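J.: So that we are looking at the same thing, I have put the structure below in structure tokens.
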Ligand SMILES: Cc1cc(CN)nn1C
Ligand SMILES: [Ca+2]
């Protein structure tokens, strides 16, 4: 997260860190057994880390649970990043509490102008490289489909939306991949892609979660 703020420990209780020896992606806890992330975060040997603030220090509220299976969306295209969504099942159910909590799926799509919260442990610099240990947060509005498409000619599908600031300065970045965009207590987005970070007229692009609620529910119901 570039140009954000320190969230505060366990203030984003649905935020998870995916770890394969190191943090490599974010994710969102959607029930006691399931995490939603980006398809471009797929790899083997995933441990889901819940209750994290400082990802380098065991602070006392963590739950570390290995993934038993991952399900990349059937229509994910890694070239275009269309359908950039994946489900991860935990080997054991997380113990839910005030600091480890699920986020609700949307019942309808969110509009341009809706204010959202984006979070993660990604790079905090737009030019150089610096990775925070503690969770960073950014309040950002959803941008219009027209402005999103104008920013990225030929690249925005019906399964994507832009959020952030056309002026630059505030954005998601490398390492925030797969993490949450939450608006009015609903998971509306997943950190998917962009062109650099916090650059003018290059806002973050996010997977449009409301398009996938049926797939998520049916997949969970049979797996
Ligand atoms: C994960 C991610 C988000 C963004 C948006 N600036 N770019 N990347 C690489
Ligand atoms: Ca920790």
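Residue numbers (the authors' numbering): 19 to 241. We treat Cβ as the ideally placed atom computed from N, Cα and C, and that holds for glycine.
1. Spatial neighbours of residue 219 within its chain, please: CB distance less than 8 Å, with the 5 preceding and 5 following residues excluded, ordered by chain position.
2. Do the CB positions of residue 193 and residue 58 come within less than 8 Å of each other?
3. When you compare each of 63, 49 and 38 to residue 111 by their alpha carbons, which one comes out closest?
4. Are the CB atoms of residue 177 and residue 229 nearer to each other than 8 Å?
5. Would the beta-carbon of residue 194 be found less than 7 Å away from any heavy atom of ligand 1?
6. Can you tell me the Cα-Cα spacing of residue 166 and residue 160, whole angstroms?
7. Give the list of continuous beta strand (DSSP E) stretches no shorter than 3 residues that lie fully inside the stretch 131–208.
8. Please say whether residue 155 and residue 189 have beta carbons closer to each other than 8 Å?
9. Select from 76, 128 and 43 the residue whose C-alpha is nearest the C-alpha of residue 163.
10. Would residue 85 be called buried (16 or more neighbouring beta carbons within 10 Å of its own) or exposed?
11. Grouping DSSP H, G and I as helix and E and B as strand, with all else coil, what is residue 57?
12. Determine the burial state of residue 33: buried for a count of at least 16 other Cβ atoms within 10 Å of its Cβ, exposed for fewer.
13. Count the other CB atoms within 10 Å of the CB of residue 204; is the residue buried (16 or more) or exposed (fewer)?
14. Please give the ranges of any alpha helix (DSSP H) in the stretch 69–113, keeping only runs that are unbroken, at least 4 residues long and fully inside the region.
15. Any heavy atom of ligand 1 closer than 7 Å to the CB of residue 139?
16. Among residues of its own chain, excluding the 5 on either side of residue 69, which ones have a beta-carbon nearer than 8 Å to its beta-carbon?
17. Residues in its own chain within less than 6 Å of residue 53 by CB, not counting five upstream and five downstream?
18. For residue 206, which residues of its own chain have a beta-carbon under 6 Å away from its beta-carbon, when the five flanking residues on both sides are left out?
19. Tell me whether the beta-carbon of residue 232 lies closer than 8 Å to the beta-carbon of residue 209.
T.: Here's the rundown:
1. 169, 184 and 186
2. no
3. 49
4. yes
5. yes
6. 9 Å
7. 133–138, 154–159, 178–181 and 198–201
8. no
9. 128
10. buried
11. helix
12. buried
13. buried
14. none
15. no
16. 28, 31, 79, 80, 81, 117 and 118
17. 34, 45, 47, 66 and 106
18. 124, 128, 199 and 227
19. no
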